[PDB]
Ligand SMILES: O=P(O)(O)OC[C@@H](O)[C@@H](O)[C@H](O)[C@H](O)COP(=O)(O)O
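The data below hold one chain only, encoded as structure tokens and taken in the form solved without D-mannitol-1,6-diphosphate.
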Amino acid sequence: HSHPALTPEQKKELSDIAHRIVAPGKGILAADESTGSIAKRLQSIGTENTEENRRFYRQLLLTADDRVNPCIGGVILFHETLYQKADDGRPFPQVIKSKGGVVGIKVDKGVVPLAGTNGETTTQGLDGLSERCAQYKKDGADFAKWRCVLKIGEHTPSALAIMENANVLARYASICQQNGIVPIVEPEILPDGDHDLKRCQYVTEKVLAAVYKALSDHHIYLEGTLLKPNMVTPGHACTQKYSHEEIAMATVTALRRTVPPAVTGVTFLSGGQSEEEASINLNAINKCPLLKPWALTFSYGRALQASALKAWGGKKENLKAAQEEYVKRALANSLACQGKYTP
């Protein structure tokens, strides 16, 4: 029997949000970095990690020149950041919504080991997620992010890791759509190790097949979701070399064999790639001569903000300089998601 998880109105608002985020030329900035990660990078830049340095840096990103308006379609925020105000006095959610962004938030609590496997983990944080999503929805967040991690290895990813992570993703997405928030499904496959494209493509296809079977079992409405996979690339330790067109063909091919066309958009990870290489690979993807029935765009945490971070140095007078670097990357990646970018 069918007991519809969503009424037509709910479905309509979900699909509307999802189309706003990936609307042509637009992509997602990931500011979601937790105090641990942003602690690492603020230590890299040689500045102390304090609430004020974090807030100021995220002003540097969020307050950037209007030239980024037809670029950033959504901004993923960490919890704390939703409740911080810009020094002008506006809360960051209103700063973002004002210039046309959509607010996301990172709802997962991190990774937990799976016992009996080899270094494999699952993801955490389904408790109280519905009340949290209701609260974030009241606070202006229109989409959510959840990150599950899979590593290619000797005998890994195991069937248990794939099954379990797919199930948690689908359960997460169910809750989010019940509360009116577009889930972004992120089954990241770590580049670590030495493996050729063919194996990353094989594993990627298996993972995405399991993910969409799990989303079917949980009655997820696909027009109200986004997919956030990793580009198909060889491992860091792989000696063989691959042209960008081979990486593009492997990625698009892996997507066409799994992701059903109803999915609204596909927002790729940078995944430790070079800041410039990310936009080149994304461009090559959007130039692939196959039929891609969804929006292929970017969600870049590091690949957008690396140069801005290094150029800021933790000194406020560098502000303008820093932001300019950021703007550059944004524009570039915008061109990238349209296939019109050239270096």
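The first residue of the shown sequence is 1; numbering continues from there.
Missing here is the form deposited with D-mannitol-1,6-diphosphate bound; even so, the following discussion is about that form.
Can you tell me whether the pocket in this form is open or blocked when D-mannitol-1,6-diphosphate is overlaid from where it sits in the bound PDB entry, based on ligand atoms within 2.4 Å of backbone or C-beta (3 or more = blocked)?
If you fit D-mannitol-1,6-diphosphate onto this chain using the C-alphas around its site, the pocket comes out open.
Would you say all of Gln201, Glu205 and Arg256 touch D-mannitol-1,6-diphosphate in the bound PDB entry, counting a heavy atom within 4.5 Å as a touch?
Answer is no for this spot.
Would you point out which of 211-219, 142-150, 82-90, 162-170 contains residues with a non-hydrogen atom within 4.5 Å of D-mannitol-1,6-diphosphate in the bound PDB entry?
So the stretch in question is 142-150.
Out of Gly180, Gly193, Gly271, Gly100, which one falls within 4.5 Å of D-mannitol-1,6-diphosphate in the bound PDB entry, going by heavy atoms?
Of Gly180, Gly193, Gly271, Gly100, the residue with a heavy atom within 4.5 Å of D-mannitol-1,6-diphosphate in the bound PDB entry is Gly271.
Which listed residue (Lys292, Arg54, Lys287, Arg302) meets the criterion of a heavy atom within 4.5 Å of D-mannitol-1,6-diphosphate in the bound PDB entry?
Selected residue: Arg302.
Indicate whether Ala64 is a 4.5 Å heavy atom neighbour of D-mannitol-1,6-diphosphate in the bound PDB entry.
Contact with D-mannitol-1,6-diphosphate, no.
Would you classify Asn49 as touching D-mannitol-1,6-diphosphate in the bound PDB entry, given a 4.5 Å non-hydrogen atom cut-off?
The answer is no: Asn49 has no heavy atom within 4.5 Å of D-mannitol-1,6-diphosphate.
Could you confirm whether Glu246 comes within 4.5 Å of D-mannitol-1,6-diphosphate in the bound PDB entry, counting heavy atoms only?
Although D-mannitol-1,6-diphosphate is absent here, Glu246 would stay clear of it in the bound PDB entry, with no heavy atoms inside 4.5 Å.
Is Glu188 near D-mannitol-1,6-diphosphate? Define near as a heavy atom within 4.5 Å, in the bound PDB entry.
Because a heavy atom of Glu188 falls inside 4.5 Å of D-mannitol-1,6-diphosphate in the bound PDB entry, the answer is yes.
Contacts with D-mannitol-1,6-diphosphate in the bound PDB entry - residues in 212-229 whose heavy atoms fall within 4.5 Å
If the 4.5 Å heavy-atom criterion is applied to D-mannitol-1,6-diphosphate in the bound PDB entry, 212-229 yields only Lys228.
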